[PDB]
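# just dropping in an experimental structure and the matching sequence.
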Amino acid sequence: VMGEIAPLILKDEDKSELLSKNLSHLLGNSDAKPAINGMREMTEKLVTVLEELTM
DNA sequence: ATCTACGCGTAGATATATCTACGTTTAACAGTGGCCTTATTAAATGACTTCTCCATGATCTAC
């Protein structure tokens, strides 16, 4: 996640400095929950980034 | 793994939103005619207390 999805999701940060963090900084584990499979904004951007990465 | 901070789920309190709809009979009448019983009978029979129980004085008779 922080290797590839984070730089495309987190727009303005140092990617190497992003490589040494916790998943919640970009996923938002305060919410998290199986609700990521729903229609939430982070789900939207994650799906967009995944679809762009693998075309 | 543990301490600490913070964002979120949630429950309680509150203001809001709910399209059709309207017009819902106006008129004139609410029987005009004639009758509202004609006959006849207005009981026919017999019965209308039944009975005692009397009041008073002269006379007979027993003690």
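Nice, thanks for sending it over. Residues are numbered from 1 along each chain as shown, chains lettered A, B, ... in the order given.

# the longest helix in chain A is where?
helix A:41-54 (DSSP state H).

# indicate the residue of chain A located nearest to DNA strand B.
Residue nearest to DNA strand B within chain A: residue A:30 (4.1 Å; CB to the nearest atom of the strand). To be clear about C-beta, it is placed using only N, CA and C from the backbone, and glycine gets the same treatment.

# the nearest residue to that residue once chain neighbours are set aside and residue A:31, how far apart?
Distances taken as CB to CB, 6 or more residues apart in numbering put residue A:24 closest to residue A:30, at 7.1 Å, once the chain neighbours are dropped. Going from residue A:24 to residue A:31 by CB to CB, to the nearest Å gives 10 Å.

# and residue A:52, by the same measure?
To residue A:31, residue A:52 is 23 Å away according to CB to CB.

# residue A:44 too?
14 Å.

# up against DNA strand B, what does chain A have?
Within chain A, the positions near DNA strand B by CB under 7 Å from any atom of the strand are A:28, A:30-31.

# so which of these wins on neighbours?
Within those, neighbour counts (other CB atoms under 10 Å) peak at residue A:28, which reaches 13 neighbours.

# can you tell me which residues contact that one?
residue A:42 (CB atoms under 8 Å, 6 or more residues apart in numbering).

# with residue A:50 instead?
residue A:5.

# neighbours of residue A:25, just the number please.
Residue A:25, neighbours per other CB under 10 Å, totals 14.

# so what does the helix or strand encompassing it touch, helix or strand wise?
Using DSSP states H and E, residue A:25 sits in helix A:24-27. Secondary-structure packing of helix A:24-27 (3 or more CB pairs under 8 Å, 6 or more residues apart in numbering; DSSP states H and E): helix A:5-9.

# what's the helix it packs on packed up against?
Using 3+ CB pairs under 8 Å, 6+ apart: helix A:5-9 touches helix A:15-18, helix A:24-27, helix A:41-54.

# other residues contacting the first one?
Spelled out, that is helix A:15-18. Contacts of helix A:15-18 (CB under 8 Å, 6+ apart): A:2, A:6-7, A:10, A:25-26.
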